[PDB]
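Colleague: Structure in structure tokens, see below.
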Amino acid sequence: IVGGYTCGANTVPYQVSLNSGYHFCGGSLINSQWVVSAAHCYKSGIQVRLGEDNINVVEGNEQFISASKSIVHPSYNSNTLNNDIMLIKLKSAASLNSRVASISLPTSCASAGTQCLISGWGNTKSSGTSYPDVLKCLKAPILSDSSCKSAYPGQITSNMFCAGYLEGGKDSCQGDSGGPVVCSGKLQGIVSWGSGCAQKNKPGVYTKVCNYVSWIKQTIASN
Ligand SMILES: [Ca+2]
């Protein structure tokens, strides 16, 4: 997250870190057994880390639970990032508590102009590299479909939305991928892509989770 703030320990209790020997992507806990992330974060060998603040220090509220199954969307296209969504099943259910909690799936799609909370342990520099240890947060508004398409001509599908600031300076970034975009208390986006981070006229692009609720529900009813 570039241009964000330190969230505060466990104030984003649905945020997870995906670990394969190192943090590599975020995700969102949607119930005690399942995490939503980006399909482009698929790796074999994923351990889900819940209750994290500093990902490099064991502070006492973590739950580390291996994935048993990962399910990339059936129509994921890794070239365009259309349908950039994945479900990860935990080997055992998380113990839900004040620091480890699920986020609701949406009933309706969020509205342009809505300010959402985006979070992660990704890069905090637009130019260069610095990865934080503690969770960072950013409030960013959903941009209109027309603005998003103007920013990325011929690349935005109905399963994507843009959020952020066209002047630059505030965005998600590498290492935030797969993490949450929460708007009115529901998981509306997944950190997916963008050209660089926090560059002028290149806002973040996010998987539009409201388009996937029936897939998510039938998949978790069946696995
Ligand atoms: Ca930790």
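So you can find residues: chains in the structure tokens are A, B, ... in the order shown, residues in each start at 1, and ligands are numbered from 1 in order.
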Within 6 Å of ligand 1, counting only C-alpha atoms and all ligand atoms: which residues, as a ChimeraX atom specification?

Modeller: /A:52-59

Colleague: Counting only C-alpha atoms, give me one row per residue of segment 34-54 of chain A with an atom at most 6 Å from an atom of segment 66-70 of chain A, showing the shortest contact pair and its distance in Å to one decimal, sorted by chain then residue number, as a Markdown table.

Modeller:
```
| residue | atom | partner | partner_atom | distance |
| --- | --- | --- | --- | --- |
| A:46 | CA | A:67 | CA | 5.7 |
| A:47 | CA | A:66 | CA | 4.2 |
| A:48 | CA | A:66 | CA | 5.9 |
```

Colleague: For the selection you just gave me, I'd like the residues written to a file as a PDB file, in the first residue's frame, keeping C-alpha atoms.

Modeller:
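Okay, result-v8.pdb is ready:
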```pdb
ATOM      1  CA  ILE A  46       0.048 -22.186   0.859  1.00  0.00           C
ATOM      2  CA  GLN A  47      -0.179 -21.616   4.602  1.00  0.00           C
ATOM      3  CA  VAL A  48      -2.898 -19.112   5.635  1.00  0.00           C
TER       4      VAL A  48
END
```

Colleague: With the cut-off set at 7 Å and counting only C-alpha atoms, tabulate each residue of segment 30-71 of chain A with an atom at most that distance from an atom of segment 93-100 of chain A, showing the nearest atom pair and its distance in Å to one decimal, ordered by chain and increasing number, as a tab-separated table.

Modeller:
```
residue	atom	partner	partner_atom	distance
A:32	CA	A:94	CA	5.0
A:33	CA	A:93	CA	4.8
A:50	CA	A:100	CA	6.3
A:51	CA	A:100	CA	5.3
```

Colleague: Output N, CA, C and O atoms for every residue in the selection just made, as a PDB file, in the first residue's frame.

Modeller:
```pdb
ATOM      1  N   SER A  32     -15.243 -19.555   8.680  1.00  0.00           N
ATOM      2  CA  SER A  32     -14.161 -20.189   9.430  1.00  0.00           C
ATOM      3  C   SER A  32     -13.286 -21.082   8.597  1.00  0.00           C
ATOM      4  O   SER A  32     -12.191 -21.416   9.056  1.00  0.00           O
ATOM      5  N   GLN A  33     -13.744 -21.494   7.403  1.00  0.00           N
ATOM      6  CA  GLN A  33     -13.041 -22.511   6.630  1.00  0.00           C
ATOM      7  C   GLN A  33     -12.467 -21.997   5.303  1.00  0.00           C
ATOM      8  O   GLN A  33     -11.695 -22.735   4.660  1.00  0.00           O
ATOM      9  N   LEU A  50      -3.651 -15.985   9.842  1.00  0.00           N
ATOM     10  CA  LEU A  50      -4.717 -15.118  10.313  1.00  0.00           C
ATOM     11  C   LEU A  50      -4.246 -14.454  11.611  1.00  0.00           C
ATOM     12  O   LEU A  50      -3.374 -14.966  12.325  1.00  0.00           O
ATOM     13  N   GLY A  51      -4.941 -13.372  11.951  1.00  0.00           N
ATOM     14  CA  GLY A  51      -4.563 -12.687  13.207  1.00  0.00           C
ATOM     15  C   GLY A  51      -3.254 -11.989  13.160  1.00  0.00           C
ATOM     16  O   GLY A  51      -2.695 -11.630  14.185  1.00  0.00           O
TER      17      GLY A  51
END
```

Colleague: Mind checking which residues fall within 8 Å of residue 138 of chain A, counting only C-alpha atoms, ignoring those fewer than 5 positions away in the same chain, and posting them as number ranges by chain?

Modeller: A: 1, 3-5, 117-119, 170-172

Colleague: Give me a file of those residues, with N, CA, C and O atoms, as a PDB file, in the first residue's frame.

Modeller:
```
ATOM      1  N   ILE A   1       0.876  -1.213   0.000  1.00  0.00           N
ATOM      2  CA  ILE A   1       0.000   0.000   0.000  1.00  0.00           C
ATOM      3  C   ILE A   1       0.905   1.254   0.000  1.00  0.00           C
ATOM      4  O   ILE A   1       1.764   1.381   0.862  1.00  0.00           O
ATOM      5  N   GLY A   3       1.141   5.326   0.185  1.00  0.00           N
ATOM      6  CA  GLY A   3       0.361   6.455   0.658  1.00  0.00           C
ATOM      7  C   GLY A   3      -0.702   6.172   1.634  1.00  0.00           C
ATOM      8  O   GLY A   3      -1.644   6.964   1.767  1.00  0.00           O
ATOM      9  N   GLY A   4      -0.582   5.020   2.303  1.00  0.00           N
ATOM     10  CA  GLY A   4      -1.568   4.587   3.317  1.00  0.00           C
ATOM     11  C   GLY A   4      -1.126   4.900   4.710  1.00  0.00           C
ATOM     12  O   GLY A   4      -0.293   5.811   4.944  1.00  0.00           O
ATOM     13  N   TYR A   5      -1.669   4.152   5.637  1.00  0.00           N
ATOM     14  CA  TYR A   5      -1.426   4.376   7.079  1.00  0.00           C
ATOM     15  C   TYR A   5      -1.300   3.028   7.723  1.00  0.00           C
ATOM     16  O   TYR A   5      -1.866   2.015   7.272  1.00  0.00           O
ATOM     17  N   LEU A 117     -12.018   0.437   2.110  1.00  0.00           N
ATOM     18  CA  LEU A 117     -10.794   0.155   2.851  1.00  0.00           C
ATOM     19  C   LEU A 117     -10.024  -0.963   2.149  1.00  0.00           C
ATOM     20  O   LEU A 117     -10.522  -2.096   2.013  1.00  0.00           O
ATOM     21  N   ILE A 118      -8.814  -0.647   1.732  1.00  0.00           N
ATOM     22  CA  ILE A 118      -7.901  -1.594   1.069  1.00  0.00           C
ATOM     23  C   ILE A 118      -6.730  -1.799   1.991  1.00  0.00           C
ATOM     24  O   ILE A 118      -6.256  -0.851   2.650  1.00  0.00           O
ATOM     25  N   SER A 119      -6.247  -3.055   2.152  1.00  0.00           N
ATOM     26  CA  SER A 119      -5.215  -3.307   3.134  1.00  0.00           C
ATOM     27  C   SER A 119      -4.236  -4.352   2.653  1.00  0.00           C
ATOM     28  O   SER A 119      -4.587  -5.177   1.793  1.00  0.00           O
ATOM     29  N   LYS A 170      -1.494   7.399  -3.999  1.00  0.00           N
ATOM     30  CA  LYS A 170      -2.184   6.505  -3.060  1.00  0.00           C
ATOM     31  C   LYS A 170      -2.737   5.340  -3.810  1.00  0.00           C
ATOM     32  O   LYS A 170      -3.556   5.507  -4.734  1.00  0.00           O
ATOM     33  N   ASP A 171      -2.318   4.106  -3.454  1.00  0.00           N
ATOM     34  CA  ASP A 171      -2.769   2.922  -4.234  1.00  0.00           C
ATOM     35  C   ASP A 171      -2.387   1.678  -3.496  1.00  0.00           C
ATOM     36  O   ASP A 171      -1.549   1.720  -2.549  1.00  0.00           O
ATOM     37  N   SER A 172      -2.916   0.521  -3.917  1.00  0.00           N
ATOM     38  CA  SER A 172      -2.315  -0.754  -3.535  1.00  0.00           C
ATOM     39  C   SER A 172      -1.144  -1.038  -4.484  1.00  0.00           C
ATOM     40  O   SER A 172      -0.874  -0.282  -5.412  1.00  0.00           O
TER      41      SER A 172
END
```

Colleague: For segment 121-130 of chain A, please output as an MDAnalysis selection string all residues within 8 Å (counting only C-alpha atoms; exclusion window: fewer than 5 positions along the same chain).

Modeller: chainID A and resid 1:4 25:26 135:136 169 172:177 196:199

Colleague: For residue 213 of chain A, work out the shell of residues within 12 Å, counting only C-alpha atoms and skipping chain neighbours fewer than 4 positions away, then give it as a list in words.

Modeller: residues 30, 36, 73, 85, 87, 104, 105, 106, 107, 108, 109, 186, 187, 188, 189, 208, 209, 217, 218, 219 and 220 of chain A

Colleague: Out of segment 55-185 of chain A, which residues get strand (DSSP E) from DSSP, as a ChimeraX atom specification?

Modeller: /A:63-72,86-90,115-120,136-141,160-163,180-183

Colleague: Which residue, A:21, A:13, A:194, A:185, has the smallest gap to residue 156 of chain A when you use only C-alpha atoms?

Modeller: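 For residue 156 of chain A, the nearest of the given residues is A:194.
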
Colleague: Could you check the closest approach to residue 155 of chain A for each of A:81, A:16, A:9, A:71 and tell me which residue wins, using only C-alpha atoms?

Modeller: A:81

Colleague: For residue 149 of chain A, please output as a PyMOL selection string all residues within 12 Å (counting only C-alpha atoms; exclusion window: fewer than 5 positions along the same chain).

Modeller: chain A and resi 143-144+154-158+160-163+201-205

Colleague: Please save C-alpha atoms of the selected residues as a PDB file, in the first residue's frame.

Modeller:
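Writing the result to out17.pdb gives the following:
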```
ATOM      1  CA  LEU A 143     -14.097   5.274  -9.814  1.00  0.00           C
ATOM      2  CA  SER A 144     -16.738   5.408 -12.470  1.00  0.00           C
ATOM      3  CA  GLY A 154      -9.379  -2.173 -24.099  1.00  0.00           C
ATOM      4  CA  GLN A 155      -8.431  -3.861 -20.756  1.00  0.00           C
ATOM      5  CA  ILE A 156     -11.353  -3.419 -18.304  1.00  0.00           C
ATOM      6  CA  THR A 157     -14.056  -6.088 -18.203  1.00  0.00           C
ATOM      7  CA  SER A 158     -17.393  -6.074 -16.400  1.00  0.00           C
ATOM      8  CA  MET A 160     -13.217  -5.333 -12.767  1.00  0.00           C
ATOM      9  CA  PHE A 161     -13.503  -1.901 -11.179  1.00  0.00           C
ATOM     10  CA  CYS A 162     -11.007   0.846 -10.539  1.00  0.00           C
ATOM     11  CA  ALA A 163     -10.467   2.550  -7.220  1.00  0.00           C
ATOM     12  CA  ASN A 201      -3.838   8.267 -14.361  1.00  0.00           C
ATOM     13  CA  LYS A 202      -3.218   4.572 -13.494  1.00  0.00           C
ATOM     14  CA  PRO A 203      -5.523   3.693 -10.576  1.00  0.00           C
ATOM     15  CA  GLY A 204      -5.758   0.238  -9.084  1.00  0.00           C
ATOM     16  CA  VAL A 205      -7.896  -2.398 -10.711  1.00  0.00           C
TER      17      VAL A 205
END
```

Colleague: To test your reading of the structure, identify every residue in chain A that backbone DSSP assigns to helix (DSSP H, G or I), and report it as JSON, numbers by chain.

Modeller: {"A": [39, 40, 41, 145, 146, 147, 148, 149, 150, 151, 209, 210, 211, 212, 213, 214, 215, 216, 217, 218, 219, 220]}

Colleague: For the residues in that selection, give me N, CA and C atoms as a short mmCIF file (atom, residue, chain, number, x, y, z; two decimals), in the first residue's frame.

Modeller:
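Once everything was written out, this is again_22.cif:
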```cif
data_model
loop_
_atom_site.label_atom_id
_atom_site.label_comp_id
_atom_site.auth_asym_id
_atom_site.auth_seq_id
_atom_site.Cartn_x
_atom_site.Cartn_y
_atom_site.Cartn_z
N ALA A 39 -6.81 -15.19 -8.11
CA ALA A 39 -6.26 -16.35 -8.84
C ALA A 39 -4.80 -16.13 -9.22
N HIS A 40 -4.37 -14.90 -9.48
CA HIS A 40 -2.95 -14.73 -9.87
C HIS A 40 -2.04 -14.94 -8.68
N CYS A 41 -2.57 -15.08 -7.46
CA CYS A 41 -1.78 -15.45 -6.27
C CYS A 41 -1.70 -16.97 -6.13
N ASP A 145 -17.07 3.63 -14.12
CA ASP A 145 -16.70 2.67 -15.16
C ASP A 145 -16.06 3.46 -16.33
N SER A 146 -16.56 4.65 -16.64
CA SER A 146 -16.05 5.34 -17.79
C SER A 146 -14.61 5.79 -17.48
N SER A 147 -14.34 6.28 -16.28
CA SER A 147 -13.02 6.73 -15.92
C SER A 147 -12.06 5.56 -15.95
N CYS A 148 -12.49 4.41 -15.46
CA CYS A 148 -11.64 3.22 -15.35
C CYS A 148 -11.27 2.76 -16.77
N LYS A 149 -12.26 2.74 -17.69
CA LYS A 149 -11.99 2.35 -19.06
C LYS A 149 -11.09 3.35 -19.78
N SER A 150 -11.23 4.65 -19.47
CA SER A 150 -10.37 5.66 -20.09
C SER A 150 -8.92 5.42 -19.61
N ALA A 151 -8.75 5.00 -18.38
CA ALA A 151 -7.39 4.82 -17.85
C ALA A 151 -6.71 3.63 -18.49
N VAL A 209 -16.09 -8.51 -6.81
CA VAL A 209 -16.54 -9.71 -6.05
C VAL A 209 -18.07 -9.94 -6.16
N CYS A 210 -18.85 -8.87 -6.33
CA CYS A 210 -20.31 -9.08 -6.40
C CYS A 210 -20.72 -9.93 -7.56
N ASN A 211 -19.87 -10.06 -8.61
CA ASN A 211 -20.17 -10.90 -9.75
C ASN A 211 -19.94 -12.40 -9.46
N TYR A 212 -19.35 -12.72 -8.32
CA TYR A 212 -18.88 -14.09 -8.03
C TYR A 212 -19.57 -14.71 -6.88
N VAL A 213 -20.56 -14.03 -6.25
CA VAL A 213 -21.16 -14.57 -5.08
C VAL A 213 -21.87 -15.93 -5.35
N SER A 214 -22.50 -16.14 -6.48
CA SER A 214 -23.17 -17.42 -6.68
C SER A 214 -22.11 -18.49 -6.88
N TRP A 215 -21.02 -18.24 -7.58
CA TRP A 215 -19.91 -19.24 -7.69
C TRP A 215 -19.37 -19.53 -6.34
N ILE A 216 -19.11 -18.50 -5.52
CA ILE A 216 -18.50 -18.75 -4.19
C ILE A 216 -19.45 -19.65 -3.37
N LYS A 217 -20.75 -19.28 -3.35
CA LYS A 217 -21.68 -20.00 -2.54
C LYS A 217 -21.80 -21.43 -3.00
N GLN A 218 -21.89 -21.70 -4.32
CA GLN A 218 -22.01 -23.11 -4.74
C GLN A 218 -20.74 -23.89 -4.58
N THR A 219 -19.58 -23.21 -4.68
CA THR A 219 -18.37 -23.91 -4.48
C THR A 219 -18.17 -24.29 -3.02
N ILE A 220 -18.47 -23.36 -2.09
CA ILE A 220 -18.32 -23.75 -0.68
C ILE A 220 -19.38 -24.72 -0.21
#
```
